[PDB]
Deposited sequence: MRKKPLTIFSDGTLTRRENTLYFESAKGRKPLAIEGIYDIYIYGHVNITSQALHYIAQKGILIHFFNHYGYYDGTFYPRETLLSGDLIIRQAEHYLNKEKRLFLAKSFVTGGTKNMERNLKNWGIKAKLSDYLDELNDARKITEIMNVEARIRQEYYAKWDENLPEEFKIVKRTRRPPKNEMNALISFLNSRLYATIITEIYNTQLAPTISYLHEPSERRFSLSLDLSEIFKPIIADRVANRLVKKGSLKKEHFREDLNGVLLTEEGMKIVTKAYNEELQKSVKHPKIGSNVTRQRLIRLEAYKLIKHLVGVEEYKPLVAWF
């Protein structure tokens, strides 16, 4: 079961028990047994029959900007619903100390994975210096504010290892001002959807977060986990793409608003990201897919919420 990604324009339809994508060249069937989540970068129309069909199969649909920024998601009715786990989730938010621990854990994890990135790329960092701020803090806002500076410095330390063309200077998001900002925005937008998909495969309610504020209109928990997995996946993908030379100036375009990837660039980056998502690890002593890790992080969290195993963030 693999992620479906659609750059072309057309219409998703249901011709009975098969799902089709009609374009110029027209009706091509889709094996929906093998489809896990869907990603829409093209201008694509979806019929009610299709959407019903995709919903019936518990498949998520992810929608994106014209320059490939995350737009939104179609979330089908939950299959793995569990009434008690939800209550434990909410109990760890309602209790302030419990919330503080998790909120701190996410930022700790992000900071450590970030400095491991810098350590691996041979940049002297010691972002760890900032952890003292984090762990003695009593309010969530100041915690998040520290995480912001840490991220801000990490980029600026990453720029030392980057050529002027692909240097970050300010993180500029929607919309970018840089080839590198464009790249990172695109990759972060992929990662967000990926984490939402993996959360839908658990009994966790995706709206309840600890670091970020819960909203019934927002998958905030995915934002909580993206703290950890931005460093591990997205940043690495960006770095390898820029440094090995898969992306040149040719794959970027300038308009009045910002800088963006060409369709070619988007496809290159999409494949590299998917290629990292299936790249497997070796814990040098225990002797697993990057995506598996995401779901494992979710399971770690669940074991914490039922008081079984205290939550240590992935490093």
Gaps relative to the deposited sequence fall at 1-2, 290-291, 320-322
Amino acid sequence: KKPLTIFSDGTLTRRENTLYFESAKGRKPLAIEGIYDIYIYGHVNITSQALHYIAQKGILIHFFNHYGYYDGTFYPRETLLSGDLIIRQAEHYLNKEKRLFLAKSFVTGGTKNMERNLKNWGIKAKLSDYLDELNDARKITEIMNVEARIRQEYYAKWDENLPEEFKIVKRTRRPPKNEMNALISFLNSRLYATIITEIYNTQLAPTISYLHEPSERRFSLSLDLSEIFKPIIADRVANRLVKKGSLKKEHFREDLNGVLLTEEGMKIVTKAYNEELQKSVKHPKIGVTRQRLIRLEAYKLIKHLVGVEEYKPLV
From here on, numbers count along this sequence of modelled residues.
Higher avg CA temperature factor (94-102 vs 127-135, as deposited) belongs to 127-135
Per the PDB entry, mean CA B-factor is higher for 13-21 or 297-305, namely for 13-21
From the entry's CA B-factor values, the highest among 56, 289, 262, 270 is 270
One of 217, 212, 88, 149 has the largest Cα B-factor in the entry, namely 149
For residue 278, the third of its chain by CA B-factor is the middle
Temperature factor at the Cα of residue 109, chain-ranked in thirds, falls in the middle
Of the three thirds of Cα B-factor ranks in this chain, residue 229 occupies the middle
Temperature factor at the Cα of residue 166, chain-ranked in thirds, falls in the highest
Quick tally, chain-level thirds of C-alpha B-factors: residue 251 sits in the middle
